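Novice: work.csv is the file, holding CSV, C-alpha atoms and all ligand atoms:
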```csv
chain,number,residue,atom,x,y,z
A,360,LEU,CA,-111.5,75.4,213.2
A,361,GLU,CA,-108.4,74.7,215.3
A,362,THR,CA,-107.1,78.2,214.6
A,363,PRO,CA,-109.7,80.8,213.2
A,364,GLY,CA,-109.7,84.5,214.1
A,365,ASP,CA,-112.3,86.6,212.2
A,366,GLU,CA,-114.5,87.5,215.2
A,367,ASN,CA,-118.0,86.6,214.0
A,368,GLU,CA,-118.5,82.8,214.3
A,369,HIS,CA,-121.7,82.1,212.4
A,370,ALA,CA,-119.5,83.2,209.5
A,371,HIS,CA,-116.9,80.6,210.1
A,372,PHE,CA,-119.2,77.9,211.4
A,373,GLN,CA,-121.2,78.4,208.2
A,374,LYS,CA,-118.0,78.1,206.2
A,375,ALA,CA,-117.0,74.9,207.9
A,376,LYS,CA,-120.4,73.2,207.3
A,377,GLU,CA,-120.1,74.6,203.8
A,378,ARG,CA,-116.8,72.9,202.9
A,379,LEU,CA,-117.8,69.9,204.9
A,380,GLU,CA,-120.6,69.7,202.3
A,381,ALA,CA,-118.3,70.4,199.3
A,382,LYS,CA,-116.2,67.5,200.6
A,383,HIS,CA,-118.7,64.8,201.2
A,384,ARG,CA,-120.5,65.2,197.8
A,385,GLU,CA,-117.0,64.7,196.4
A,386,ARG,CA,-116.3,61.4,198.0
A,387,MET,CA,-119.9,60.4,197.8
A,388,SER,CA,-120.3,60.9,194.1
A,389,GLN,CA,-117.1,58.9,193.6
A,390,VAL,CA,-118.9,55.9,195.0
A,391,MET,CA,-122.1,56.6,193.0
A,392,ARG,CA,-119.5,56.5,190.2
A,393,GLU,CA,-117.7,53.4,191.5
A,394,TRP,CA,-121.1,51.8,191.9
A,395,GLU,CA,-122.4,52.5,188.4
A,396,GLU,CA,-119.3,51.1,186.8
A,397,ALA,CA,-119.4,48.1,189.2
A,398,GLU,CA,-123.0,47.1,188.1
A,399,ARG,CA,-122.0,47.6,184.5
A,400,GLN,CA,-120.1,44.3,184.9
A,401,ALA,CA,-122.4,42.2,187.0
A,402,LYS,CA,-124.7,42.9,184.0
A,403,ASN,CA,-123.8,39.7,182.3
A,404,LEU,CA,-122.8,38.0,185.5
A,405,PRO,CA,-124.9,35.8,187.8
A,406,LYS,CA,-127.8,37.5,189.6
A,407,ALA,CA,-126.0,36.4,192.8
A,408,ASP,CA,-123.0,38.6,191.9
A,409,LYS,CA,-125.2,41.5,190.8
A,410,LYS,CA,-126.6,41.2,194.3
A,411,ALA,CA,-123.2,41.2,196.1
A,412,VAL,CA,-122.0,44.3,194.2
A,413,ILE,CA,-125.1,45.9,195.3
A,414,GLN,CA,-124.7,44.9,198.9
A,415,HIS,CA,-121.0,45.8,198.9
A,416,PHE,CA,-121.5,49.4,197.7
A,417,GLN,CA,-124.7,49.7,199.6
A,418,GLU,CA,-122.3,49.3,202.7
A,419,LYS,CA,-119.5,51.6,201.4
A,420,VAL,CA,-122.0,54.5,201.4
A,421,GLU,CA,-123.3,53.7,204.9
A,422,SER,CA,-119.6,53.9,205.8
A,423,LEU,CA,-119.2,57.3,204.2
A,424,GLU,CA,-122.6,58.6,205.5
A,425,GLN,CA,-121.4,57.5,208.9
A,426,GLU,CA,-118.0,59.2,208.6
A,427,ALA,CA,-119.7,62.5,207.6
A,428,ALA,CA,-122.1,62.1,210.6
A,429,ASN,CA,-119.3,61.9,213.1
A,430,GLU,CA,-117.4,64.5,211.1
A,431,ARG,CA,-120.4,66.9,211.3
A,432,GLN,CA,-121.1,66.3,215.0
A,433,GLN,CA,-117.4,67.2,215.7
A,434,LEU,CA,-118.1,70.5,214.1
A,435,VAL,CA,-121.3,71.3,216.1
A,436,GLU,CA,-119.9,70.4,219.5
A,437,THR,CA,-117.2,73.0,218.9
A,438,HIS,CA,-119.6,75.7,217.9
A,439,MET,CA,-121.8,75.0,220.9
A,440,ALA,CA,-118.6,75.0,223.0
A,441,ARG,CA,-117.5,78.3,221.5
A,442,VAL,CA,-121.0,79.7,221.7
A,443,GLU,CA,-121.4,78.9,225.4
A,444,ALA,CA,-118.0,80.5,226.4
A,445,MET,CA,-119.1,83.7,224.6
A,446,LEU,CA,-122.5,83.6,226.3
A,447,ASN,CA,-120.9,83.0,229.7
A,448,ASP,CA,-118.2,85.5,229.3
A,449,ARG,CA,-120.5,88.3,228.1
A,450,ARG,CA,-123.0,87.6,231.0
A,451,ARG,CA,-120.2,87.7,233.6
A,452,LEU,CA,-119.2,91.1,232.2
A,453,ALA,CA,-122.6,92.7,232.1
A,454,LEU,CA,-122.7,91.8,235.8
A,455,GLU,CA,-119.8,94.1,236.8
A,456,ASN,CA,-121.0,96.6,234.2
A,457,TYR,CA,-124.6,96.4,235.5
A,458,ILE,CA,-122.8,96.3,238.9
A,459,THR,CA,-121.0,99.5,237.9
A,460,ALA,CA,-124.6,100.6,238.1
A,461,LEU,CA,-124.6,104.3,237.5
A,462,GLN,CA,-123.5,105.8,240.8
A,463,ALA,CA,-123.0,109.6,240.5
A,464,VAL,CA,-125.2,112.8,240.8
A,465,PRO,CA,-128.4,111.3,239.5
A,466,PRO,CA,-127.4,107.6,239.5
A,467,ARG,CA,-127.9,107.5,235.7
A,468,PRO,CA,-131.3,105.9,236.1
A,469,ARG,CA,-131.1,105.5,232.3
A,470,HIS,CA,-127.7,103.7,232.6
A,471,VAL,CA,-128.6,101.4,235.4
A,472,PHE,CA,-131.6,100.2,233.4
A,473,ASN,CA,-129.6,100.6,230.2
A,474,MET,CA,-127.1,98.2,231.8
A,475,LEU,CA,-129.8,96.0,233.3
A,476,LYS,CA,-131.5,94.9,230.1
A,477,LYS,CA,-128.0,93.9,229.0
A,478,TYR,CA,-127.7,91.4,231.8
A,479,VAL,CA,-131.3,90.4,231.4
A,480,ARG,CA,-131.5,90.0,227.6
A,481,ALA,CA,-128.1,88.4,228.0
A,482,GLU,CA,-129.2,85.8,230.5
A,483,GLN,CA,-132.2,85.2,228.3
A,484,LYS,CA,-129.8,84.4,225.4
A,485,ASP,CA,-128.5,81.7,227.8
A,486,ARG,CA,-132.0,80.3,228.5
A,487,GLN,CA,-133.0,80.7,224.9
A,488,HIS,CA,-129.8,78.9,223.8
A,489,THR,CA,-129.9,76.1,226.4
A,490,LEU,CA,-133.3,75.3,225.1
A,491,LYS,CA,-132.8,75.3,221.4
A,492,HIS,CA,-129.8,73.1,221.8
A,493,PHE,CA,-131.9,70.6,223.8
A,494,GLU,CA,-134.8,70.4,221.3
A,495,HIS,CA,-132.1,68.9,219.0
A,496,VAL,CA,-131.4,66.1,221.4
A,497,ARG,CA,-135.2,65.6,221.8
A,498,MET,CA,-135.5,64.8,218.1
A,499,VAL,CA,-132.3,63.4,216.6
A,500,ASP,CA,-131.6,61.1,219.6
A,501,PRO,CA,-134.7,60.8,221.8
A,502,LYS,CA,-132.8,58.5,224.1
A,503,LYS,CA,-129.8,60.9,224.4
A,504,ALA,CA,-132.2,63.6,225.6
A,505,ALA,CA,-133.8,61.4,228.2
A,506,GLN,CA,-130.5,61.0,230.0
A,507,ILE,CA,-129.7,64.8,229.8
A,508,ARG,CA,-133.0,66.4,231.0
A,509,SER,CA,-132.1,66.2,234.7
A,510,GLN,CA,-128.8,67.8,233.8
A,511,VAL,CA,-130.2,70.8,231.8
A,512,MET,CA,-133.1,71.3,234.2
A,513,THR,CA,-130.6,72.3,236.9
A,514,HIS,CA,-129.0,74.8,234.5
A,515,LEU,CA,-132.2,76.7,233.7
A,516,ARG,CA,-133.0,76.8,237.4
A,517,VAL,CA,-129.5,78.4,238.0
A,518,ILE,CA,-130.2,81.2,235.6
A,519,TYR,CA,-133.6,81.8,237.3
A,520,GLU,CA,-132.1,81.9,240.8
A,521,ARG,CA,-129.3,84.1,239.5
A,522,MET,CA,-131.4,86.5,237.5
A,523,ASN,CA,-133.7,87.3,240.3
A,524,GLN,CA,-130.8,87.2,242.8
A,525,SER,CA,-129.4,89.9,240.6
A,526,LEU,CA,-132.4,92.2,240.4
A,527,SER,CA,-132.6,91.6,244.2
A,528,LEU,CA,-129.3,93.7,244.5
A,529,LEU,CA,-131.5,96.7,244.4
A,530,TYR,CA,-132.3,95.6,247.9
A,531,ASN,CA,-128.9,97.1,248.6
A,532,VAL,CA,-129.5,100.4,246.8
A,533,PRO,CA,-132.7,102.1,247.9
A,534,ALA,CA,-132.6,105.4,245.9
A,535,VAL,CA,-133.0,103.8,242.5
A,536,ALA,CA,-135.3,101.2,244.1
A,537,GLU,CA,-138.7,103.0,243.8
A,538,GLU,CA,-136.7,105.5,241.6
A,539,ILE,CA,-136.1,103.2,238.7
A,540,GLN,CA,-138.9,100.7,239.6
B,360,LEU,CA,-146.9,79.1,202.6
B,361,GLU,CA,-150.4,78.4,201.2
B,362,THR,CA,-150.1,81.3,198.8
B,363,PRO,CA,-146.5,82.8,198.3
B,364,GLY,CA,-145.3,84.2,195.0
B,365,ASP,CA,-141.7,85.7,195.2
B,366,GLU,CA,-139.9,83.2,192.9
B,367,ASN,CA,-136.9,82.3,195.1
B,368,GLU,CA,-138.0,79.8,197.7
B,369,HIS,CA,-135.0,79.5,200.0
B,370,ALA,CA,-136.0,83.1,200.7
B,371,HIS,CA,-139.5,82.2,201.8
B,372,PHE,CA,-138.6,78.9,203.3
B,373,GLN,CA,-136.1,80.7,205.4
B,374,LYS,CA,-138.7,83.3,206.4
B,375,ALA,CA,-141.2,80.6,207.4
B,376,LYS,CA,-138.7,78.8,209.6
B,377,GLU,CA,-137.8,82.3,210.9
B,378,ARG,CA,-141.2,83.2,212.1
B,379,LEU,CA,-141.8,79.6,213.2
B,380,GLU,CA,-139.0,80.5,215.6
B,381,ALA,CA,-140.2,83.9,216.5
B,382,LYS,CA,-143.4,82.1,217.5
B,383,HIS,CA,-142.3,79.2,219.6
B,384,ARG,CA,-139.9,81.2,221.8
B,385,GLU,CA,-143.0,83.4,222.5
B,386,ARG,CA,-145.3,80.5,223.7
B,387,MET,CA,-142.3,78.8,225.2
B,388,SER,CA,-141.1,81.7,227.3
B,389,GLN,CA,-144.7,82.1,228.5
B,390,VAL,CA,-144.4,78.7,230.1
B,391,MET,CA,-140.9,79.3,231.5
B,392,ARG,CA,-142.8,82.3,233.0
B,393,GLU,CA,-145.9,80.4,234.1
B,394,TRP,CA,-143.5,77.9,235.6
B,395,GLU,CA,-141.4,80.3,237.6
B,396,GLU,CA,-144.4,81.9,239.2
B,397,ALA,CA,-145.9,78.4,239.8
B,398,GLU,CA,-142.8,77.3,241.8
B,399,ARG,CA,-142.9,80.6,243.6
B,400,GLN,CA,-146.0,79.2,245.5
B,401,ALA,CA,-145.0,75.6,246.1
B,402,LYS,CA,-142.2,77.3,247.9
B,403,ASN,CA,-143.9,77.0,251.3
B,404,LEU,CA,-146.1,74.1,250.2
B,405,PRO,CA,-145.4,70.4,250.7
B,406,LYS,CA,-142.5,68.9,248.8
B,407,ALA,CA,-145.1,66.7,247.1
B,408,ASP,CA,-146.8,69.7,245.6
B,409,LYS,CA,-143.5,71.3,244.6
B,410,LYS,CA,-143.0,68.0,242.8
B,411,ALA,CA,-146.3,68.0,241.0
B,412,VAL,CA,-145.9,71.6,239.8
B,413,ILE,CA,-142.6,70.5,238.4
B,414,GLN,CA,-144.1,67.4,236.7
B,415,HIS,CA,-147.1,69.4,235.4
B,416,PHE,CA,-145.1,72.1,233.6
B,417,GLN,CA,-142.4,69.6,232.7
B,418,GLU,CA,-145.2,68.1,230.6
B,419,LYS,CA,-146.7,71.3,229.2
B,420,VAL,CA,-143.3,72.0,227.6
B,421,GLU,CA,-143.0,68.5,226.1
B,422,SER,CA,-146.5,69.4,224.7
B,423,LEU,CA,-145.2,72.6,223.1
B,424,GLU,CA,-141.9,71.0,222.0
B,425,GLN,CA,-144.1,68.5,220.3
B,426,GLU,CA,-146.4,70.9,218.6
B,427,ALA,CA,-143.5,72.8,217.2
B,428,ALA,CA,-142.0,69.5,216.0
B,429,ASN,CA,-145.0,68.6,213.9
B,430,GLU,CA,-145.4,72.2,213.0
B,431,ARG,CA,-141.8,72.3,211.7
B,432,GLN,CA,-142.1,69.0,209.7
B,433,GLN,CA,-145.2,70.4,208.1
B,434,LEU,CA,-143.0,73.2,206.7
B,435,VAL,CA,-140.2,70.9,205.5
B,436,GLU,CA,-142.4,68.5,203.7
B,437,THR,CA,-143.8,71.4,201.7
B,438,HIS,CA,-140.4,72.7,200.7
B,439,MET,CA,-139.2,69.3,199.7
B,440,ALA,CA,-142.4,68.9,197.7
B,441,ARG,CA,-141.9,72.3,196.1
B,442,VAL,CA,-138.2,71.6,195.6
B,443,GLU,CA,-138.8,68.3,193.8
B,444,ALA,CA,-141.4,69.8,191.4
B,445,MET,CA,-138.9,72.5,190.4
B,446,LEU,CA,-136.2,69.9,189.9
B,447,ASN,CA,-138.5,67.6,187.9
B,448,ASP,CA,-139.9,70.4,185.9
B,449,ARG,CA,-136.5,71.9,185.0
B,450,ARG,CA,-135.1,68.5,184.0
B,451,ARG,CA,-138.0,67.7,181.7
B,452,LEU,CA,-137.4,71.0,180.0
B,453,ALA,CA,-133.7,70.7,179.5
B,454,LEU,CA,-134.6,67.4,177.8
B,455,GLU,CA,-136.5,69.1,174.9
B,456,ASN,CA,-134.0,72.0,175.0
B,457,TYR,CA,-131.1,69.5,174.9
B,458,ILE,CA,-133.3,67.7,172.4
B,459,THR,CA,-133.6,70.9,170.4
B,460,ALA,CA,-129.9,69.9,170.2
B,461,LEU,CA,-128.4,72.4,167.8
B,462,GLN,CA,-129.4,71.3,164.3
B,463,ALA,CA,-128.3,73.8,161.6
B,464,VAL,CA,-125.2,74.6,159.6
B,465,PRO,CA,-122.6,73.5,162.1
B,466,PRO,CA,-124.9,71.8,164.7
B,467,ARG,CA,-123.9,74.4,167.2
B,468,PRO,CA,-121.5,71.8,168.8
B,469,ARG,CA,-121.1,74.4,171.5
B,470,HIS,CA,-124.9,74.5,172.0
B,471,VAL,CA,-125.5,70.8,172.0
B,472,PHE,CA,-122.9,70.5,174.8
B,473,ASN,CA,-123.9,73.8,176.3
B,474,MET,CA,-127.4,72.3,176.5
B,475,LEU,CA,-126.1,68.9,177.6
B,476,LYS,CA,-124.4,70.0,180.8
B,477,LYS,CA,-127.8,71.6,181.7
B,478,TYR,CA,-129.5,68.2,181.6
B,479,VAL,CA,-126.5,66.5,183.3
B,480,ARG,CA,-125.8,69.0,186.0
B,481,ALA,CA,-129.6,69.1,186.4
B,482,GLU,CA,-130.0,65.4,186.8
B,483,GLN,CA,-127.1,65.6,189.3
B,484,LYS,CA,-129.1,68.2,191.3
B,485,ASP,CA,-131.7,65.4,191.5
B,486,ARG,CA,-129.3,62.8,192.7
B,487,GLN,CA,-127.5,65.3,194.9
B,488,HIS,CA,-130.9,66.3,196.3
B,489,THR,CA,-132.4,62.8,196.7
B,490,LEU,CA,-129.3,62.0,198.8
B,491,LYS,CA,-129.2,64.9,201.1
B,492,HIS,CA,-132.8,64.5,202.0
B,493,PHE,CA,-132.2,60.8,202.8
B,494,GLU,CA,-129.2,61.4,205.2
B,495,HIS,CA,-131.8,63.3,207.3
B,496,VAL,CA,-133.9,60.2,207.6
B,497,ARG,CA,-130.8,58.2,208.4
B,498,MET,CA,-130.1,60.4,211.4
B,499,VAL,CA,-133.3,61.9,212.9
B,500,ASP,CA,-135.4,58.7,212.6
B,501,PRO,CA,-133.1,55.8,211.8
B,502,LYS,CA,-136.1,53.5,211.6
B,503,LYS,CA,-137.9,55.8,209.2
B,504,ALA,CA,-134.9,55.5,206.8
B,505,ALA,CA,-134.8,51.7,207.1
B,506,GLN,CA,-138.3,51.4,205.5
B,507,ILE,CA,-137.5,54.0,202.8
B,508,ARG,CA,-134.2,52.8,201.4
B,509,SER,CA,-135.7,50.3,199.0
B,510,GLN,CA,-137.9,53.1,197.7
B,511,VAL,CA,-135.2,55.7,197.2
B,512,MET,CA,-132.7,53.1,195.8
B,513,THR,CA,-135.1,52.7,192.8
B,514,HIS,CA,-135.1,56.4,192.2
B,515,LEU,CA,-131.4,56.9,192.0
B,516,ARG,CA,-131.3,53.9,189.6
B,517,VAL,CA,-133.9,55.6,187.4
B,518,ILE,CA,-131.8,58.8,187.0
B,519,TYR,CA,-128.8,56.6,186.1
B,520,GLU,CA,-130.8,54.6,183.5
B,521,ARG,CA,-132.3,57.9,182.2
B,522,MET,CA,-129.1,59.9,182.1
B,523,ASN,CA,-127.1,57.4,180.1
B,524,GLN,CA,-130.3,56.6,178.0
B,525,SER,CA,-130.1,60.3,177.2
B,526,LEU,CA,-126.5,60.5,176.2
B,527,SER,CA,-127.2,57.4,174.2
B,528,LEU,CA,-129.4,59.5,171.9
B,529,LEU,CA,-126.2,60.5,170.1
B,530,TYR,CA,-126.6,57.0,168.8
B,531,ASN,CA,-129.3,58.6,166.6
B,532,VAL,CA,-127.1,61.6,165.5
B,533,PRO,CA,-123.7,60.5,164.1
B,534,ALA,CA,-122.3,63.8,163.0
B,535,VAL,CA,-121.9,65.3,166.5
B,536,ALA,CA,-121.0,61.8,167.7
B,537,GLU,CA,-117.3,61.8,167.2
B,538,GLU,CA,-117.7,65.5,166.4
B,539,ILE,CA,-118.6,66.6,169.9
B,540,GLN,CA,-117.2,63.4,171.6
C,1,OS,OS,-127.0,74.7,219.0
C,2,OS,OS,-134.2,68.6,202.1
```
Please re-express this file's structure in structure tokens.
Ligand SMILES: [Os+3]
Ligand SMILES: [Os+3]
Specialist:
Amino acid sequence: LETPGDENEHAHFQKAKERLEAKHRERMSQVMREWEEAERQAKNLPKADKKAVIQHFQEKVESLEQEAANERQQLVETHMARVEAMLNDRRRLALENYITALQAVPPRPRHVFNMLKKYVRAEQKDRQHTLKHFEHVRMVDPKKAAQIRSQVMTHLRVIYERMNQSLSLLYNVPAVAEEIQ
Amino acid sequence: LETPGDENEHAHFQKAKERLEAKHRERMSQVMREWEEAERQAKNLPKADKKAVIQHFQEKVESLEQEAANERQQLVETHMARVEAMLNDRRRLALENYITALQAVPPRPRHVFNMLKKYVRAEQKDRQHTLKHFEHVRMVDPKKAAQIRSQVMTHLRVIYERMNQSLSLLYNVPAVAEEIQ
């Protein structure tokens, strides 16, 4: 995670969640094994002791379940972070590329557009992505999402303003205006 | 979901979440499209109206995000339900199969055990599965999990009692006792 090179991320990301899982079960089952033995003694001990063993290990697992939590979030935040940089970086590019329009003999009307749908579908990936991500916050931590709606509302609005502000660049190139539209 | 036959479930399950996703984005983007147009009018209207349009669609999306929620849970509960029946059904079987031991000439010491690890690893799938499932409740709806810990604690305990109570059937067959152990 702190190094990784194989381009495709879902690959890696999947692999990290994967081994994150092959790791917890390991430490977790060790407790379900330390617990079983544990009770195997409070078997002929007071019922008060039986009870404390239960409450002790009942807490060790919460401990672990917590570690893993954090541990897992730490993974996600990265992905998201890595995902967004891709998404922004691509977008920015298609801008110049779609900016490179298709100026020459017949302004490659098929390229302009070919290029356009890149920007568009791209910028949609943003919107589509910004949204998914949020739903998560809506569920998992309803309060967390409350705070962050004002924040993310602004974002979506930016894309909208941008997108149209992009299409509105045809208001600088008349030929392909009615031509492509 | 109400019919399905292709054995493997993860397959289907994946497919259902899949189309559940190809469906929401559809209805969702329609709102992000009904919203954009909407604001495009409150553009020269009072700032009070601009504000209501915002608050109206801000609520239509919560609506949808809610539908989808429910809609998605409805999927999960099935899977879990289908998953558990597999898990129980298999287990029960390995019991008789592992019960079928390996009685004959040399009580297929390699079969008894071969059979055993089926039961075991099986019953672990239970424990492993019961646990995963719960972590979900711990996160998503912390309160939900609080209620249900007493319930699921009992379960895990049952497997434990069972498992050992199974191995302890060798206390009925002496040959393979020291023989396999
Ligand atoms: Os995400
Ligand atoms: Os599950």
Novice: Taking all atoms listed in the file into account, report as a list in words which residues have an atom no farther than 10 Å from an atom of ligand OS 1 (chain C).
Specialist: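 Using all atoms listed in the file, I find these residues within 10 Å of ligand OS 1 (chain C): residues 435, 436, 437, 438, 439, 440, 442, 443, 488, 489, 490, 491, 492, 493, 494, 495 and 496 of chain A.
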Novice: Here is a test: counting all atoms listed in the file, which residue of B:487, B:373, B:367, B:523 is nearest to chain A?
Specialist: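 Smallest distance to chain A is found for B:487.
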Novice: Please list as number ranges by chain every residue within 12 Å of residue 482 of chain A, counting only C-alpha atoms and excluding residues in the same chain fewer than 6 positions away.
Specialist: A: 443, 445-454, 475-476, 488-489, 514-523, 525
Novice: Save out the residues we just selected, C-alpha atoms, as a short mmCIF file (atom, residue, chain, number, x, y, z; two decimals), in the frame of the given file.
Specialist:
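Below is the file out.cif, written as the result:
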```cif
data_model
loop_
_atom_site.label_atom_id
_atom_site.label_comp_id
_atom_site.auth_asym_id
_atom_site.auth_seq_id
_atom_site.Cartn_x
_atom_site.Cartn_y
_atom_site.Cartn_z
CA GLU A 443 -121.40 78.90 225.40
CA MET A 445 -119.10 83.70 224.60
CA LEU A 446 -122.50 83.60 226.30
CA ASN A 447 -120.90 83.00 229.70
CA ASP A 448 -118.20 85.50 229.30
CA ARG A 449 -120.50 88.30 228.10
CA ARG A 450 -123.00 87.60 231.00
CA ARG A 451 -120.20 87.70 233.60
CA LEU A 452 -119.20 91.10 232.20
CA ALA A 453 -122.60 92.70 232.10
CA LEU A 454 -122.70 91.80 235.80
CA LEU A 475 -129.80 96.00 233.30
CA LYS A 476 -131.50 94.90 230.10
CA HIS A 488 -129.80 78.90 223.80
CA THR A 489 -129.90 76.10 226.40
CA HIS A 514 -129.00 74.80 234.50
CA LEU A 515 -132.20 76.70 233.70
CA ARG A 516 -133.00 76.80 237.40
CA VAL A 517 -129.50 78.40 238.00
CA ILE A 518 -130.20 81.20 235.60
CA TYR A 519 -133.60 81.80 237.30
CA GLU A 520 -132.10 81.90 240.80
CA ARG A 521 -129.30 84.10 239.50
CA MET A 522 -131.40 86.50 237.50
CA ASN A 523 -133.70 87.30 240.30
CA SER A 525 -129.40 89.90 240.60
#
```
Novice: What does the structure give for the distance between atom CA of residue 410 of chain B and atom CA of residue 513 of chain A, in Å to one decimal?
Specialist: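 Pair atom CA of residue 410 of chain B / atom CA of residue 513 of chain A returns 14.4 Å.
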Novice: Quick one: distance from atom CA of residue 393 of chain B to atom CA of residue 416 of chain B in Å, one decimal?
Specialist: 8.4 Å
Novice: Out of B:485, B:396, B:455, B:380, which residue has the shortest atom-to-atom distance to ligand OS 2 (chain C) when counting all atoms listed in the file?
Specialist: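 Answer, going by the shortest atom-to-atom distance: B:485.
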Novice: For chain A, list the residues within 7 Å of chain B, counting all atoms listed in the file, and write the list as a list in words.
Specialist: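 For chain A, the answer reads residues 498, 499 and 500 of chain A.
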Novice: From the set B:392, B:406, B:441, B:484, which residue has the shortest atom-to-atom contact distance to residue 369 of chain B, counting all atoms listed in the file?
Specialist: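 Distance minimum relative to residue 369 of chain B lands on B:441.
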Novice: Could you tell me how far atom CA of residue 461 of chain B sits from atom CA of residue 478 of chain B, in Å to one decimal place?
Specialist: 14.5 Å
Novice: Using only C-alpha atoms, which residue out of A:473, A:456, A:422, A:403 lies closest to residue 539 of chain A?
Specialist: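 The shortest atom-to-atom distance to residue 539 of chain A comes from A:473.
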Novice: Rank nothing, just name the residue among B:432, B:390, B:477, B:375 nearest to ligand OS 2 (chain C), using only C-alpha atoms and all ligand atoms.
Specialist: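 Selected residue with least distance to ligand OS 2 (chain C): B:432.
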Novice: Where atoms are missing, can you supply N, CA, C and O atoms for segment 521-533 of chain A and output the lot as a compact mmCIF listing (two decimals), keeping the file's coordinate frame?
Specialist:
```
# COMPACT_ATOMS: atom_id res chain seq x y z
N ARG A 521 -130.19 82.99 239.76
CA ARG A 521 -129.30 84.10 239.50
C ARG A 521 -130.01 85.34 239.14
O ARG A 521 -130.06 86.28 239.92
N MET A 522 -130.61 85.37 237.96
CA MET A 522 -131.40 86.50 237.50
C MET A 522 -132.04 87.28 238.65
O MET A 522 -131.62 88.38 239.01
N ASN A 523 -133.07 86.70 239.24
CA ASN A 523 -133.70 87.30 240.30
C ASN A 523 -132.75 87.78 241.40
O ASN A 523 -132.85 88.89 241.91
N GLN A 524 -131.80 86.91 241.74
CA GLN A 524 -130.80 87.20 242.80
C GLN A 524 -130.01 88.46 242.35
O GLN A 524 -129.39 89.12 243.18
N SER A 525 -130.05 88.77 241.06
CA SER A 525 -129.40 89.90 240.60
C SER A 525 -130.28 91.14 240.80
O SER A 525 -129.90 92.09 241.48
N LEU A 526 -131.48 91.09 240.24
CA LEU A 526 -132.40 92.20 240.40
C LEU A 526 -132.51 92.51 241.93
O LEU A 526 -132.57 93.68 242.31
N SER A 527 -132.48 91.47 242.77
CA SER A 527 -132.60 91.60 244.20
C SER A 527 -131.35 92.32 244.86
O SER A 527 -131.19 92.30 246.09
N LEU A 528 -130.51 92.93 244.03
CA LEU A 528 -129.30 93.70 244.50
C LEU A 528 -129.75 95.10 244.71
O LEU A 528 -129.00 95.90 245.27
N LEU A 529 -130.96 95.41 244.24
CA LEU A 529 -131.50 96.70 244.40
C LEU A 529 -131.97 96.88 245.84
O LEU A 529 -132.30 97.96 246.31
N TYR A 530 -131.96 95.73 246.52
CA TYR A 530 -132.30 95.60 247.90
C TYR A 530 -131.08 96.00 248.75
O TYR A 530 -131.00 95.74 249.96
N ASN A 531 -130.12 96.62 248.06
CA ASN A 531 -128.90 97.10 248.60
C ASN A 531 -128.69 98.56 248.27
O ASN A 531 -127.86 99.26 248.83
N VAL A 532 -129.49 99.00 247.30
CA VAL A 532 -129.50 100.40 246.80
C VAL A 532 -130.91 100.88 246.74
O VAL A 532 -131.61 100.65 245.75
N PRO A 533 -131.38 101.56 247.80
CA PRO A 533 -132.70 102.10 247.90
C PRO A 533 -133.15 103.26 247.01
O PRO A 533 -134.28 103.28 246.53
```
